[PDB]
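Asks: Sequence lines, in order, name chains A, B, C, D, E, F and G. Taking PDB author numbering, the leading residue of the first sequence gets 258, the next gets one more, and so forth. Taking PDB author numbering, the leading residue of the second sequence gets 39, the next gets one more, and so forth. Taking PDB author numbering, the leading residue of the third sequence gets 98, the next gets one more, and so forth. Taking PDB author numbering, the leading residue of the fourth sequence gets 152, the next gets one more, and so forth. FYI, in PDB author numbering the residues of the fifth sequence are 70 to 101, 118 to 439. Taking PDB author numbering, the leading residue of the sixth sequence gets 141, the next gets one more, and so forth. Taking PDB author numbering, the leading residue of the seventh sequence gets 194, the next gets one more, and so forth. Structure below; questions to follow.
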Amino acid sequence: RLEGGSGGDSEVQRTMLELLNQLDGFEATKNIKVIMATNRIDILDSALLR
Amino acid sequence: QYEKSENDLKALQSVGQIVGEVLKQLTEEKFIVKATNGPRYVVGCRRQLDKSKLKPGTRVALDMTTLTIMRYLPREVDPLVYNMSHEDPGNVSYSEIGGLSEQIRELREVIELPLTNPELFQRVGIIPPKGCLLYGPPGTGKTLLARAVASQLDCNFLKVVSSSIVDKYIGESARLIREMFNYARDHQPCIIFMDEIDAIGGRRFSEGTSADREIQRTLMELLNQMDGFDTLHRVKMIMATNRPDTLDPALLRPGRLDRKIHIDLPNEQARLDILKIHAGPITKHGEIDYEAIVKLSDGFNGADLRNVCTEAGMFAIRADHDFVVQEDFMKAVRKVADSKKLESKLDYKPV
Amino acid sequence: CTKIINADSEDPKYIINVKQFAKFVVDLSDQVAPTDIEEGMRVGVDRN
Amino acid sequence: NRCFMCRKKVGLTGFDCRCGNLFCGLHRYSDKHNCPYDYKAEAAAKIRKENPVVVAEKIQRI
Amino acid sequence: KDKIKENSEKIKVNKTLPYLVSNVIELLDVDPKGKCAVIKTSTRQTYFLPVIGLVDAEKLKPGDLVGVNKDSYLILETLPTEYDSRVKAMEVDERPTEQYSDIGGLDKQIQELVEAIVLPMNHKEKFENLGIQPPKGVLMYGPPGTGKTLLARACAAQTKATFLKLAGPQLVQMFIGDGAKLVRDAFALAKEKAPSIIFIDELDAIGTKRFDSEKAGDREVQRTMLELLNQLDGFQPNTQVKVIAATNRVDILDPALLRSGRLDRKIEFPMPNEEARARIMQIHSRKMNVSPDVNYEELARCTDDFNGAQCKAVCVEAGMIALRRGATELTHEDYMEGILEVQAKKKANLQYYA
Amino acid sequence: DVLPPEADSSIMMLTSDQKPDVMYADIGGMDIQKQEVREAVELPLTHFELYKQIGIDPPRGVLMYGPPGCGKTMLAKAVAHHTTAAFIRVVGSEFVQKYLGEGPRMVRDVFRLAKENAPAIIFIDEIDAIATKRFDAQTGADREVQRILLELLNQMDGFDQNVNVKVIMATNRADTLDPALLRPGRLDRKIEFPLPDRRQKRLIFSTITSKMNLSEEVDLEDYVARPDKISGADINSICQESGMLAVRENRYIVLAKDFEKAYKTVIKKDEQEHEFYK
Amino acid sequence: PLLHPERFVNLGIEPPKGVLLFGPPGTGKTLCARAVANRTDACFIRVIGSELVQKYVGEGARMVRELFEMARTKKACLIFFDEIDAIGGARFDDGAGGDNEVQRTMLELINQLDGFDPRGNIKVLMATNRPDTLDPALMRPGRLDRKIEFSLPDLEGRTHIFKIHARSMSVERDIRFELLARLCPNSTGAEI
Ligand SMILES: Nc1ncnc2c1ncn2[C@@H]1O[C@H](COP(=O)(O)OP(=O)(O)OP(=O)(O)O)[C@@H](O)[C@H]1O
Ligand SMILES: Nc1ncnc2c1ncn2[C@@H]1O[C@H](COP(=O)(O)OP(=O)(O)OP(=O)(O)O)[C@@H](O)[C@H]1O
Ligand SMILES: Nc1ncnc2c1ncn2[C@@H]1O[C@H](COP(=O)(O)OP(=O)(O)OP(=O)(O)O)[C@@H](O)[C@H]1O
Ligand SMILES: Nc1ncnc2c1ncn2[C@@H]1O[C@H](COP(=O)(O)OP(=O)(O)O)[C@@H](O)[C@H]1O
Ligand SMILES: [Mg+2]
Ligand SMILES: [Mg+2]
Ligand SMILES: [Mg+2]
């Protein structure tokens with residue numbers, strides 16, 4: 258999240274913002290899914306992605 | 039004066055040169071060199087440079103315009119060193135200091151003896167020690183002892199504050215250590231001294247700040263070039279600090295830091311002795327009871343007793359008696375001893 | 098533009114750095130008076 | 152080395168009052184030696200040098 | 070004479086004004118046979134000149150600053166060594182006036198200061214006939230409002246040696262290092278001006294008991310401070326500079342700071358007992374038109390637990406208070422009201438007493 | 141013109157003569173991990189088709205880690221003395237010059253030379269100075285350092301899976317590192333140099349004591365029984381202290397008292413306890 | 194003292210350059226700041242209290258240097274601080290690993306405020322809501338001289354503020370506000 262925010266943007270959270278840029282579209286999955294598996298689950302911006 | 043004018047006339051038409059190193063010899067007249075400030079070039083000698091002496095890594099002088107090798111020169115001069123090589127003025131021998139003659143002799147075996155008579159170490163067949171550490175309360179004479187020791191050689195001794203090494207750039211600090219150990223590699227019987235490692239020493243940090251990383255890298259250069267791959271010869275390391283507890287254990291293991299010398303406060307006899315030391319050049323009377331002064335003397339640095347001798351002279355200046363009475367001694371002792379109501383935590387556990 | 102360090106005796110003989118380029122011993126042009134060129138000053142100098 | 156308000160010899164514990172005279176710790180105060188200096192005038196003069204006469208933006212140029 | 074005229078004439082021509090500075094890196098001597122040297126310019130370039138130029142090999146030393154020709158790359162001037170610009174700011178040039186008659190209630194401490202500093206600067210033969218040493222380092226500690234700035238600016242106001250100031254936080258720099266550079270440049274500066282006294286205030290800001298301290302802060306502060314200790318006492322001592330420091334709280338400092346030679350004499354400052362209060366009020370009541378019916382003893386005994394600053398402040402407010410009614414002289418009641426203002430009265434209804 | 145591939149290097153391998161003079165049998169008491177590493181590197185030059193027929197996939201690089209002075213370098217210092225391949229020793233933090241990308245340029249210079257010369261052994265000591273985990277900051281440094289991390293990984297991943305280039309890294313703290321190095325394909329063989337045991341203490345004592353005169357009235361095992369949690373380098377300090385002790389006695393022969401004083405010097409600083417805790 | 198540097202010379206006094214404001218919020222301190230700045234006739238300089246805390250060491254002090262530089266350059270200039278609690282409120286040292294940098298910066302404001310060759314012609318106006326948790330060094334007079342507070346209007350300040358906030362608006366000619374303020378025993382001008 259914005260921890261590496263105003264102080265440089267870290268080049269990564271922005272690409273994540275493009276990720277959410279695409280997920281915030283229209284798929285309904287149709288037949289397409291996206292899986293994810295991660296530790297350190299209490300840092301990311303999952304509030305918006307819920 | 040006309041001769042001087044002719045001298046400058048001849049001096050006018052001399053142009054400098056570029057300084058660089060020899061990378062590798064491509065052919066008999068083709069060489070690969072690099073400017074000290076950046077890129078590299080392909081050059082040739084003149085006719086009679088004695089090209090055999092040119093080796094990969096040597097240093098040479100190049101023509102500015104023609105850009106060719108002229109006058110290959112010896113190693114370089116590392117300005118963090120000359121200010122710490124020909125800098126210290128003289129000093130009285132260790133006869134001046136006293137009270138710790140056990141340690142006085144003890145350093146002699148690790149430094150003076152193994153170079154003067156290396157035969158015995160070979161006869162028993164045991165390698166001499168490498169590095170020694172000095173620790174104890176401030177004003178135990180830690181710096182002073184090193185001053186007396188360096189006062190013997192005075193020419194083959196390097197001294198370091200261990201704090202002027204930092205800089206503004208990313209590297210530029212380890213490299214100083216490199217050329218230090220390389221000059222010390224140049225002269226064979228080199229003595230290195232570093233006071234107050236705790237600035238550069240540290241112990242470790244769980245990914246703190248980046249400047250911490252510059253520091254820790256600058257230290258790990260020491261850890262490498264102490265034991266590392268290239269062994270050392272006639273390179274003695276003397277370290278000085280106040281609290282050893284704040285240092286890196288990897289630096290504290292034997293091999294790098296061979297022996298840990300412990301300095302402590304003076305005993306009664308030591309206090310009497312140092313008191314006699316500073317008491318020498320003092321216009322006084324045949325009335326001095328050193329014993330009573332030592333009796334009120336409990337736990338005072340050599341600089342502390344020096345302070346006593348100073349203050350007693352202060353009371354002597356009071357009333358303008360050019361001589362010195364004994365009572366001003368005890369008065370100054372009471373004052374100085376009173377002043378130590380502000381110094382707590384003077385001891386530190388070793389390591 | 099550059100920055101001034103100090104002056105000398107009987108003459109300007111000014112010591113100046115540019116910013117990171119190099120430090121020089123330069124002099125004022127005739128378009129100026131040798132009064133308001135005190136040290137620690139940002140001053141414009143010819144490139145040539 | 153001596154005072155002037157009581158002639159008591161001192162030495163290095165003397166004082167140098169504005170009036171050019173040395174005093175002991177008892178007479179160092181201007182009210183213990185009748186100091187003949189206009190502290191008030193050097194007053195009205197220091198404050199006048201340190202005090203910047205402010206000017207409400209008016210009647211500047213032409 | 071004609072010939073020397075011509076040669077000097079050419080010297081003027083080829084010795085132009087613009088020079089590129091550089092550093093004397095080292096000197097050598099090549100055989101077939119005189120001296121030689123190598124230089125680094127300000128442009129990060131090294132040059133080897135066999136012919137030195139308009140300078141003296143004995144005069145030059147490793148690590149010097151010189152004026153060199155741009156194109157020829159020849160040594161043409163010897164430059165006086167300069168320090169950091171921040172160092173130049175630390176110099177003192179005004180020389181204020183704070184003669185000792187202005188300060189009060191600190192006779193003893195004043196004696197202990199003039200002893201430790203003034204006499205060593207004046208009568209060295211007195212310290213030599215008995216012949217031991219002069220002290221090394223004076224410290225002022227106590228409550229903030231006791232007046233620590235007064236002795237500094239006053240003694241500098243009286244003496245004529247090179248007084249040099251210093252602030253606490255100034256030694257802290259953005260980039261790591263820069264404190265060792267700064268302090269060392271300062272001490273060398275006082276070296277250039279052998280009659281030299283340096284003052285340091287808020288010494289606690291740099292002096293602090295080290296400990297297992299993490300990523301930042303201390304990790305340059307103790308470096309700079311250690312540079313201060315070593316540059317102050319120990320390796321290569323000197324006698325051509327005297328050190329005065331002052332703080333508020335003493336407990337944060339390290340032992341090596343207050344050992345016995347880095348800071349020789351310790352001076353505490355107790356607040357005005359009675360007569361120091363009364364007399365200080367009598368001192369700032371020097372430039373004000375005073376009705377000559379005023380008891381500074383009454384003023385003192387009613388002024389309890391104040392400092393030199395506050396006692397000054399009451400005398401300040403009294404004049405404006407009388408200025409409220411436009412009166413010229415003052416009254417004891419005026420000082421009383423100023424006391425009330427200085428004391429920060431809270432409220433009313435405190436009437437169920439008595 | 142095209143130059144020889146090894147011209148622009150700025151660095152040389154282990155020179156023709158700088159063998160550290162450390163016999164492979166010199167390290168007393170490291171039979172398991174010494175031999176294990178020796179097969180970890182040299183064995184995949186003599187036995188390869190077993191790796192294809194069974195499938196072993198010999199790791200490109202190996203990591204060493206342990207307490208500070210467990211012979212970590214004492215082993216790599218010896219392997220170079222008893223091998224023939226190209227060897228290049230590498231400081232941990234020499235590529236940190238204040239230029240822009242001189243770090244990754246130097247990494248290119250190194251790995252291009254390693255690929256160029258022959259089957260070689262690149263040794264990087266004290267990788268902890270670089271292989272952090274924390275993050276990318278921005279003052280003037282973590283750009284230049286972490287980009288050299290990236291250069292190291294880039295030229296670390298794709299050699300050919302066929303060139304005989306053996307990478308050996310080692311530190312004491314195998315914790316403050318990026319697990320990107322902890323990946324199959326980059327580094328697989330992980331080796332610690334833990335403290336010795338009674339037997340390895342006996343071996344080290346035999347090897348060390350075998351050099352000095354050692355008068356036969358000194359019982360070695362008697363000090364061996366004291367566990368004391370000693371590191372391997374401490375033993376050498378012990379025999380040193382005893383030796384210089386007898387020398388201080390003006391004696392060319394060692395006795396047991398020099399060893400009593402030995403543990404009374406090195407083994408000293410061990411006891412601080414408050415009995416009422418138990 | 195500024196617009197009339199005459200009386201203080203004719204009597205021989207120095208004005209208290211250091212003023213602190215305090216009291217409950219929403220009361221008339223900001224308003225006083227803007228009004229004084231209205232007739233400021235001076236290089237008035239805002240200062241936001243949190244602007245000084247930064248990521249690097251000493252840089253905030255480097256701010257302060259430029260502050261007192263532009264001050265000394267601009268003759269007869271005013272400085273305002275606001276909620277200076279962030280700067281140097283205490284000297285927490287029981288476990289001395291908390292706040293230190295803005296403590297050092299606060300020390301720089303100490304020195305460049307008073308000590309060693311005073312500033313000359315400068316005036317300092319501060320204001321805080323909790324003037325209770327501050328380092329006493331700022332509390333020393335000479336720096337923070339006067340302690341003006343703004344209270345809560347008993348019944349009539351609210352009346353007059355009805356005349357202030359009720360005047361700049363359109364209403365009928367049938368005004369009366371004493372009836373109002375008698376109805377709001379405890380309300381500020383902001384609530385007015
Ligand atoms: N005895 C005194 N006579 C006159 N002024 C005094 C006295 N004691 C304190 N002061 C006042 O104190 C003010 C400066 O503050 P002080 O010297 O008490 O220490 P400070 O504010 O902590 O600054 P520093 O860091 O220099 O100690 C001076 O303006 C001075 O008028
Ligand atoms: N098996 C062994 N036999 C003999 N000596 C040993 C042995 N293991 C370690 N040592 C001792 O330890 C030293 C080896 O150096 P050391 O192990 O400290 O290097 P290192 O671990 O790479 O140091 P660092 O990693 O802290 O830079 C030798 O001087 C040797 O006396
Ligand atoms: N007596 C009054 N007359 C007119 N307006 C007032 C009065 N008291 C308060 N106000 C109004 O209420 C608001 C609060 O006043 P002000 O901003 O001075 O309080 P503050 O102390 O600065 O606030 P805080 O304490 O939250 O920083 C102002 O915007 C002002 O318009
Ligand atoms: N035995 C002694 N004889 C003379 N001077 C001593 C003695 N012990 C200590 N001193 C004085 O104390 C100082 C010791 O300082 P140093 O060795 O730097 O200790 P630290 O590093 O703890 O400050 C010396 O300058 C010296 O004058
Ligand atoms: Mg090693
Ligand atoms: Mg003060
Ligand atoms: Mg407000």
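Just so it is clear, CB atoms sit at the ideal spot from N, CA and C, and this is done for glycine as well.
Any Cβ of chain G within less than 8 angstroms of the Cβ of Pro-181(E)?
Replies: Output row for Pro-181(E): interface = yes.
Asks: Does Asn-75(B) come within less than 8 angstroms of chain E when only Cβ atoms are used?
Replies: It does: the Cβ of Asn-75(B) has a partner Cβ on chain E nearer than 8 angstroms.
Asks: So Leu-173(D) packs on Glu-200(E), CB below 8 angstroms; how close in whole Å?
Replies: That belief does not hold up - the Cβ atoms of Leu-173(D) and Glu-200(E) are roughly 17 angstroms apart, past 8 angstroms.
Asks: Nearest to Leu-86(E) by alpha carbon, out of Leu-161(E), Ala-142(E) and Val-399(E)?
Replies: When each option's Cα is compared against that of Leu-86(E), the closest is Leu-161(E).
Asks: Give the residues from the segment 123 to 144 of chain E that approach chain B closer than 8 angstroms (Cβ to any Cβ), ordered along the chain.
Replies: Listed by position along the chain: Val-123, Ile-124, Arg-129, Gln-130, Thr-131, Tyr-132, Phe-133, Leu-134, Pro-135, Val-136, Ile-137, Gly-138 and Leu-139.
Asks: Rounded to whole angstroms, what's the CA-CA distance from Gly-239(B) to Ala-314(F)? Just pull it up for me.
Replies: Approximately 20 angstroms between the Cα atoms of the pair.
Asks: Secondary structure at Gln-243(E), three-state DSSP: helix, strand or coil?
Replies: Three-state DSSP puts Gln-243(E) in a helix.
Asks: Roughly how many whole angstroms lie between the Cα atoms of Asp-327(B) and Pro-152(B)?
Replies: Rounded to whole angstroms, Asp-327(B) to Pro-152(B) spans 43 angstroms at the Cα level.
Asks: I need the boundaries of the alpha helix (DSSP H) containing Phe-159(B), first residue and last residue.
Replies: Start and end: 157 to 162.
Asks: Of all the CB atoms in chain G, is at least one closer than 8 angstroms to the CB of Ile-285(E)?
Replies: Not one chain G Cβ lies under 8 angstroms of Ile-285(E).
Asks: Under 8 angstroms, Cβ to Cβ, is there at least one residue of chain A near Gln-278(F)?
Replies: Yes, because at least one Cβ of chain A sits closer than 8 angstroms to the Cβ of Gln-278(F).
Asks: For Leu-89(E) versus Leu-145(E), is the C-beta distance shorter than 8 angstroms?
Replies: No, Cβ-Cβ distance for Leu-89(E) and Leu-145(E) is not below 8 angstroms.
Asks: Does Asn-231(G) have its Cβ less than 8 angstroms from a Cβ in chain D?
Replies: Not closer than 8 angstroms to any Cβ of chain D, the Cβ of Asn-231(G) fails to qualify, so no.
Asks: Any heavy atom of ligand 5 closer than 7 angstroms to the CB of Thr-269(B)?
Replies: Checking every heavy atom of ligand 5 against the Cβ of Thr-269(B), none is found closer than 7 angstroms.
Asks: Any residue with its C-beta under 6 angstroms from a non-hydrogen atom of ligand 3 counts. Can you list them all in chain order?
Replies: This criterion selects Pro-218(G), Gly-219(G), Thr-220(G), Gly-221(G), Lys-222(G), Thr-223(G), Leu-224(G), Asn-322(G), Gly-350(G), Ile-354(G), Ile-357(G), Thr-381(G), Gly-382(G) and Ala-383(G).
Asks: Looking at chain E, is there any beta carbon in it that lies within less than 8 angstroms of the beta carbon of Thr-298(G)?
Replies: Output row for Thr-298(G): interface = yes.
Asks: Determine the closest residue to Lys-379(B) out of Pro-357(E), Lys-351(E) and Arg-386(E), with distance taken between C-alpha atoms.
Replies: The shortest C-alpha separation from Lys-379(B) is found at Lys-351(E).
Asks: Run through the segment 259 to 325 of chain B for me and flag every whole beta strand (DSSP E) of 3 or more residues, listed as ranges in chain order.
Replies: With a minimum length of 3 residues, the continuous beta strand (DSSP E) runs that stay inside the segment 259 to 325 of chain B are 273 to 278 and 297 to 300.
Asks: Verify whether the separation of the beta carbon atoms of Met-258(B) and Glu-266(F) is less than 8 angstroms.
Replies: Yes. Within cutoff.
Asks: Going by the CB atoms, is the gap between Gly-177(B) and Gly-340(B) shorter than 8 angstroms?
Replies: Their beta carbons are under 8 angstroms apart, which means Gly-340(B) touches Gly-177(B) by this criterion.
Asks: Using the C-alpha atoms, what's the distance from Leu-289(B) back to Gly-119(E)?
Replies: One C-alpha to the other measures close to 47 angstroms.
Asks: Answer with yes or no whether the minimum CB distance from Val-177(E) to chain C is below 8 angstroms.
Replies: Chain C contact via Cβ: absent.
Asks: Taking only heavy atoms of ligand 5 into account, decide whether any of them is closer than 7 angstroms to the Cβ of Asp-161(F).
Replies: Flag unset: Cβ of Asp-161(F) not near ligand 5.
Asks: Would you say the segment 175 to 191 of chain D touches the segment 133 to 143 of chain C, given that touching needs at least three Cβ pairs under 8 angstroms?
Replies: With the cut-off at 8 angstroms, the segment 175 to 191 of chain D and the segment 133 to 143 of chain C do not touch.
Asks: Sorted by chain position, which residues of the same chain lie with C-beta nearer than 6 angstroms to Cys-225(G)'s C-beta, five sequence neighbours on each side aside?
Replies: Answer for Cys-225(G): no residue qualifies.
Asks: Would the beta-carbon of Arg-333(G) be found less than 7 angstroms away from any heavy atom of ligand 1?
Replies: Correct: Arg-333(G) has its Cβ closer than 7 angstroms to ligand 1.
Asks: Run the proximity test for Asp-141(E): is its beta-carbon closer than 7 angstroms to any non-hydrogen atom belonging to ligand 1?
Replies: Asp-141(E): no, Cβ never under 7 angstroms from ligand 1.
Asks: For ligand 2, is there a heavy atom less than 7 angstroms away from the beta-carbon of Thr-347(F)?
Replies: Yes, the beta carbon of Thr-347(F) sits closer than 7 angstroms to at least one heavy atom of ligand 2.
Asks: Could you tell me if the beta carbon of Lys-233(E) falls within a distance shorter than 7 angstroms of some heavy atom in ligand 6?
Replies: True, at least one ligand heavy atom lies under 7 angstroms from that Cβ.
Asks: Which residues of the segment 83 to 96 of chain E have a Cβ closer than 8 angstroms to any Cβ of chain C? Give them in chain order.
Replies: Answer set for the segment 83 to 96 of chain E: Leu-86, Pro-87, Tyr-88, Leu-89 and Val-90.
Asks: I want to verify the contact list: residues of chain E whose CB lies under 9 angstroms from the CB of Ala-104(C), in sequence order.
Replies: Going along chain E, no residue has its Cβ under 9 angstroms from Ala-104(C), so there is no contact; the nearest lies around 11 angstroms.
Asks: Apart from the five residues on each side of it in sequence, which residues of its chain come closer than 7 angstroms, Cβ to Cβ, to residue 386(G)?
Replies: What the structure shows of chain G is the stretch from 194 to 385, and residue 386(G) is not part of that stretch, so it cannot be assessed.
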